[PDB]
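Written out below as structure tokens is the structure these notes cover.
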4 protein chains.
Amino acid sequence: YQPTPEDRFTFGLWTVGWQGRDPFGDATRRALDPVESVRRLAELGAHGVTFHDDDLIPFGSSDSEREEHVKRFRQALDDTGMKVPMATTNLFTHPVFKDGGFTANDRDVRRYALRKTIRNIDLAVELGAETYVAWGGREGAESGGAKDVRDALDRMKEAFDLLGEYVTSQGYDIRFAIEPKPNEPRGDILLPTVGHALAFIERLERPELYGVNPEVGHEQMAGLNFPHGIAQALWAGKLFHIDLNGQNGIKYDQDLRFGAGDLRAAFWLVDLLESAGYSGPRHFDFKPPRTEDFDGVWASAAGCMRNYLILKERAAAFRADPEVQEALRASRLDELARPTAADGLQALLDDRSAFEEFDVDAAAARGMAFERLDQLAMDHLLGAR
Amino acid sequence: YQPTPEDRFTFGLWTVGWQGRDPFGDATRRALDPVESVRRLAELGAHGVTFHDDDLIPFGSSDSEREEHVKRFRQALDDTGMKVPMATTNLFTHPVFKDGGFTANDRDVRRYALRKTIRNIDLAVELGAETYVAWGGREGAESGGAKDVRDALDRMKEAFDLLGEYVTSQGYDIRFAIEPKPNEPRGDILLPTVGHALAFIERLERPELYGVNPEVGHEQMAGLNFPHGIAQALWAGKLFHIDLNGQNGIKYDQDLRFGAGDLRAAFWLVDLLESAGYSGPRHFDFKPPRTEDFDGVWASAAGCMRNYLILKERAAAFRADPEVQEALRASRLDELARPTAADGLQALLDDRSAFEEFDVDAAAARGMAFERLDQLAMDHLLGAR
Amino acid sequence: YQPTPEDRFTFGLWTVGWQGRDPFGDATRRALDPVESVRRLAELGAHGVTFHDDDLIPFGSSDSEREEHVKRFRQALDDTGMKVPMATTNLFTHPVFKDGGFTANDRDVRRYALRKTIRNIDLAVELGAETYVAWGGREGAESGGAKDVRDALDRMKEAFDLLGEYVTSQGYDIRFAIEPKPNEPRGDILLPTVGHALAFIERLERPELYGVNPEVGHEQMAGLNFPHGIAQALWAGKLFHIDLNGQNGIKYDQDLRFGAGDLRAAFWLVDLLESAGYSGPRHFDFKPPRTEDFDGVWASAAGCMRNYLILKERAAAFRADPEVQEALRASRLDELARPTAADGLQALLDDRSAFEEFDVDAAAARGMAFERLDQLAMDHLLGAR
Amino acid sequence: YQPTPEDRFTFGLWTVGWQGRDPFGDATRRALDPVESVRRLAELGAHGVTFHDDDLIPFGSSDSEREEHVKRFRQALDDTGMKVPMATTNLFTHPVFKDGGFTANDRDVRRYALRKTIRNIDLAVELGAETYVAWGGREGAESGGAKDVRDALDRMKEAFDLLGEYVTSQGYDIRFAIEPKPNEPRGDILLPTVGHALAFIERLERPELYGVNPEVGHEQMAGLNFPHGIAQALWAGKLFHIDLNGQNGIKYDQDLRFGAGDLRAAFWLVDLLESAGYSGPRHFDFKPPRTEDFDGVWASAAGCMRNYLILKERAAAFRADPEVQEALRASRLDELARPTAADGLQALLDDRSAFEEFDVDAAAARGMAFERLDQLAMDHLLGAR
Ligand SMILES: [Mg+2]
Ligand SMILES: [Mg+2]
Ligand SMILES: [Mg+2]
Ligand SMILES: [Mg+2]
Ligand SMILES: [Mg+2]
Ligand SMILES: [Mg+2]
Ligand SMILES: [Mg+2]
Ligand SMILES: [Mg+2]
């Protein structure tokens with residue numbers, strides 16, 4: 001199960017470069033030169049890297065250091081063939097963003113957040129990114145009175161509309177993807193789930209420029225079914241990007257490598273992405289645990305891609321299995337895909353078989369045969385099939 | 001804290017009428033005649049009742065029993081002045097709905113679900129309901145392969161569009177509200193949160209006919225901030241109805257009386273509903289615990305309204321407190337309400353105070369004063385103020 | 001992966017016999033004659049059945065019906081070779097237990113609960129059960145004032161001590177196992193986790209007569225690591241019995257078939273049970289989903305045993321893998337098993353290599369190599385190894 | 001509601017001294033001199049401070065800097081009258097503890113952890129601490145194979161037994177308290193709940209030297225009822241210490257000030273502590289949110305004590321209310337405190353009123369009147385009474 005750049009696996013600089021500082025511990029690893037990470041990730045079979053502006057250009061760099069850093073990075077991209085499909089802004093690390101970026105109560109911080117973002121959009125376009133991700137990790141509150149949510153949504157809409165105006169006025173061909181997270185580092189974060197972000201996009205001035213970048217661990221921190229949420233995003237035509245990792249239930253954001261955490265959900269996710277023809281990057285946003293040295297970092301990063309490829313195999317085997325296709329018909333997955341009432345309202349109303357002469361007890365008695373279907377999915381996942 | 005019909009408190013027949021059957025226990029209470037519940041609820045200060053078709057008309061009733069039941073109910077409404085602002089369909093109790101109603105895999109069940117619903121819409125209009133609620137409690141799955149979610153969303157859209165066609169073709173003045181629930185009785189339920197339902201409505205043929213009916217306990221079963229979700233629904237203009245109860249964290253749907261469960265959240269919810277001018281019914285969907293006899297049932301139902309009125313008082317006191325308004329300005333809630341960039345994109349770009357000459361360290365050093373504001377909210381809630 | 005009676009797989013009568021009534025739905029299946037379940041389970045490879053008194057003898061049966069029911073059951077056991085390793089009392093279904101059995105506030109109910117239990121202990125001994133399970137499903141509260149927990153623990157200790165006196169005075173060779181559950185059907189249940197039950201047993205008069213019967217789904221309803229809890233029970237010498245099923249995170253008690261839910265946890269559990277030499281019954285407490293007809297019921301029950309056997313295989317392969325044993329040494333699992341200070345306190349104090357001359361920075365720099373070890377566990381689980 | 005030193009309110013140096021570094025953000029506050037915190041906390045009405053060795057003495061200090069730091073601290077304690085009732089060891093910040101202290105896989109780290117602890121025990125005794133707290137925050141695992149839990153419990157028992165030997169051999173009058181936490185910073189932490197720690201203590205060589213130090217937010221991170229767990233610890237005679245803060249459900253450890261989070265639970269906790277006569281320190285382990293400047297830090301710390309005192313008032317009012325005492329008798333809290341069977345086993349067996357002639361239907365029909373009792377508890381909490 002060896003990854004190729006055609007698998008579109010991408011990594012953030014901040015993932016393998018995480019020094020292992022957590023709320024209760026100091027770094028267990030020295031910092032990684034982005035040039036060294038680009039080269040190590042290319043050797044592992046990755047297709048591309050992503051970056052926050054602050055990952056690449058240390059905060060407060062002069063314009064001459066800034067261009068020196070870009071030029072070094074650009075050399076590493078050119079030496080390796082690595083792409084940069086996605087860029088994002090760090091609006092969460094610096095103390096100035098402690099109440100958020102786009103929805104900070106302080107207006108001058110909101111304007112600074114927009115300028116910091118716009119600067120990096122120019123740079124992202126320059127580096128060829130086609131998706132610009134926005135993770136409002138500091139947008140939210142620990143207490144109810146700290147944030148009027150309707151005002152914050154106004155400010156959030158205003159920020160995203162202005163970003164959309166700037167993109168179309170520059171004639172840039174780049175789209176935005178909102179990354180939801182229900183909590184941490186804020187007590188509650190605005191647009192907490194895929195659903196909340198999808199609803200929000202429909203109120204923007206140019207909705208067609210915005211989609212979602214859902215993350216496995218984030219929806220699972222709310223106990224939600226991450227495959228279900230992805231299906232709805234696809235149904236809406238709004239899955240612009242996706243973040244893969246693992247999470248062991250409702251607790252702090254663990255950012256385990258993909259496939260760790262809820263293994264059955266990872267299987268159903270890959271089944272959905274592959275069967276829907278999702279063609280975006282397969283992005284890993286994970287943290288090698290701080291127990292690990294650099295050898296463990298690359299091992300964890302390899303395991304990300306490996307577990308995707310294994311699950312991709314098992315899902316395809318499951319869908320191609322004639323006994324599964326038989327069981328799918330046994331549970332009437334075929335009838336689920338048919339229109340309830342293509343004959344239209346009036347025909348439905350006059351159809352006495354739909355109500356007056358419907359045998360309710362016969363229909364109730366029919367088994368759905370879901371457990372046999374699920375055990376076949378299990379057998380396939382486990383390679384007992 | 002005595003409720004009046006002007007408080008628009010409403011109860012489902014199924015709430016006070018719950019016999020106390022749970023997954024592990026038999027009924028602890030005899031069944032309630034709906035006529036007796038209408039009369040008891042009117043004596044408690046309720047404004048109205050709601051019903052599932054099956055609450056009012058026993059399943060499979062002849063057309064003559066059906067009209068006898070309506071006529072008895074109509075007499076109780078006329079004798080008490082109770083209104084019926086909202087009606088809904090039971091698409092979950094009968095075994096025939098075990099895989100759902102609108103998204104059942106079986107097409108004939110889907111058509112039956114639509115006819116069962118349409119019949120009750122006629123009856124709801126007759127009884128004067130202005131909101132028709134849809135809770136897809138059986139729509140979903142315990143296993144990943146049982147339901148193609150994109151197909152189910154198609155079938156769900158199709159059902160709701162047809163309902164919208166039937167309403168507009170009949171010239172009915174009634175709107176629909178989708179009630180989300182993340183799980184139980186299904187392992188995962190479709191449209192699991194307020195966000196997911198809001199996004200879904202934007203894809204219907206006549207979006208203006210559909211809103212949400214969020215329920216406290218349901219969003220909290222996903223660990224979400226229920227006040228935040230309500231704010232987004234209001235921001236969208238889609239809060240058509242609301243269900244009030246209590247819930248002690250992420251576990252089974254407890255349907256505790258309102259104010260039980262997360263007390264601080266109940267306070268912030270009432271603060272939001274009152275300050276936004278929400279004018280719909282204050283509907284209680286709760287279950288008097290099965291430890292209780294009928295005296296405990298009415299006691300629990302009284303406590304629902306009482307806790308709303310107490311919290312309504314404390315929220316208003318909080319918002320009217322000049323020291324709170326001062327603290328709100330101290331945490332820049334006023335600046336949050338101002339446009340980030342009413343001067344427009346180009347002016348923002350040329351504004352060197354927004355970036356080139358922005359003192360990031362000065363802005364970072366400013367405290368948000370959120371903890372003092374929250375302790376004032378606490379003092380008010382507790383009547384220590 | 002075919003089960004044999006030597007695998008010690010056991011099922012409750014109430015598991016396959018669940019009619020599919022849930023909080024929101026009526027039965028979807030007719031009731032099962034216990035004699036028919038005993039015969040069907042024997043054909044599936046089960047080793048034994050368990051029962052609540054009320055599963056076997058309908059509540060309130062005359063002494064002549066009671067013995068007729070036992071005699072019919074005894075015939076089915078004799079015709080099939082099925083054993084009854086475990087029996088338990090239903091102290092939760094009848095409305096009289098709505099506030100509990102052993103810790104009901106009403107004393108006459110507590111005495112009735114003890115007599116109901118003692119009667120069934122006699123019957124369990126007669127049928128040869130060696131473990132008597134107690135699941136205090138109604139012991140607890142929805143509200144804080146309803147139950148003084150210290151008093152309830154007194155009443156719980158008193159009940160269990162008296163049960164222990166009755167057993168030793170009758171010269172019965174039977175032991176008790178407490179089954180913890182954190183919630184549902186009560187808002188919070190007493191002795192909510194394995195830990196709470198283990199602590200409680202140490203205060204009983206004859207602690208040696210009592211152990212725990214942990215259940216997968218129950219500890220996971222608290223987000224706990226079920227393998228970890230089982231290890232502690234084993235460490236204490238108190239794992240008398242175990243209940244296997246599946247659960248998808250913190251929500252209502254799903255009682256999915258074993259292997260569904262958290263698949264990686266099921267793998268680590270089987271690894272622990274097998275490597276510790278657990279020799280008790282492998283008991284399945286699960287509910288075939290109500291979507292299923294009787295064919296789906298037996299399919300689900302077969303899947304229980306199958307998933308255990310598959311996981312048992314993969315765990316053994318993992319532990320026997322020399323590259324795993326190498327990786328285990330690489331992460332110092334061997335050093336974890338050695339005494340920290342077998343040289344004793346004074347030697348440790350005088351050992352300057354333990355502190356004064358300990359190279360803290362060298363030790364910190366060592367990687368734990370946990371991620372490589374976990375990916376090997378993953379590969380084995382997935383049959384990619 | 002002004003605190004006095006007789007209220008026994010204590011704070012960790014690390015609480016008010018938290019610089020606001022979280023997983024996603026840099027410090028928002030400069031470091032606090034412990035001498036300045038001791039003085040500020042004394043002005044707020046605190047009774048005492050607690051410390052990790054590393055809070056007080058910077059890691060790796062010479063013996064001359066070490067005594068200079070103690071001497072400065074000792075001067076601040078002497079100038080203010082502040083006590084040090086509890087001390088603890090930092091076995092979690094330094095990278096060397098990344099796999100734990102007492103249960104690190106590496107033996108030399110385990111010995112170093114014991115020496116680091118023993119050194120601070122001497123210092124704690126010198127400063128007069130009577131409780132030594134152990135929070136095994138790094139003891140546990142992110143993956144199943146990384147830690148054999150039975151071995152780790154052996155190593156944990158060994159460490160605590162040796163600590164007990166050292167204490168009794170030195171003739172120190174100090175006791176140990178284990179602080180449980182279910183997760184974070186490890187994926188799962190050993191001894192995850194109060195129950196797990198209580199069970200563990202019963203296997204130590206000198207159990208009488210060890211109790212628990214439970215923390216509000218920690219048990220709530222597992223969805224458990226923190227008042228219930230405290231009652232069991234009291235019942236066991238093992239509540240040696242307690243940590244107070246707030247937590248909004250199952251998510252990352254928020255360390256909100258006490259009274260924030262689950263307000264009703266905080267009320268029931270104070271009711272229990274006061275009615276049981278708990279006489280230990282009321283210790284706050286919380287973090288002023290990083291949105292706050294130093295003014296917000298002291299405001300948050302004041303709010304801790306204030307919310308305890310308010311709740312203490314409301315609980316006492318509730319218990320002294322004759323209508324509550326009446327309602328308590330109505331729900332048979334009095335009968336719960338009586339022995340089920342003080343007449344003994346044989347008398348119970350011969351008592352036909354306990355079974356043969358017990359009217360089960362009469363007893364079932366009795367209401368528990370729990371909802372009226374809970375609404376009275378609510379009214380008292382809210383000051384609507
Ligand atoms: Mg994450
Ligand atoms: Mg991400
Ligand atoms: Mg509900
Ligand atoms: Mg509802
Ligand atoms: Mg269960
Ligand atoms: Mg069980
Ligand atoms: Mg904490
Ligand atoms: Mg603590």
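Letters A, B, ... mirror the listed sequences (proteins, then strands); counts begin at 1. Ligands are counted one by one from 1 in listed order, and the atoms in each one are counted from 1 as well.
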OE2 (A:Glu179) - the Mg ion (ligand 2) - OD2 (A:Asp243) angle, nearest 10°: 90°

Can you see which heavy atom on [X] is nearest to which on [Y], and at what distance?
X: A:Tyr210; Y: A:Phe240; answer: C-CE2, 3.3 Å
X: A:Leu191; Y: A:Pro180; answer: O-CB, 3.4 Å
X: B:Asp53; Y: B:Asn90; answer: OD1-N, 2.9 Å
X: A:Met221; Y: A:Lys251; answer: CG-O, 3.5 Å

For the Mg ion (ligand 7), the nearest N/O/S atom on D:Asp255 is atom OD1

B:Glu215 atom (N/O/S) at minimal separation from the Mg ion (ligand 4): OE1

When you measure from the Mg ion (ligand 4) to each N, O or S atom of B:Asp285, which atom gives the shortest distance? OD2

If you round to 10 degrees, what value do you get for the angle at the Mg ion (ligand 7) between D:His218 atom NE2 and D:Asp253 atom OD1? 110°

Has A:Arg8 got a side-chain atom pairing as donor or acceptor with A:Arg282's backbone, closer than 3.5 angstrom? no

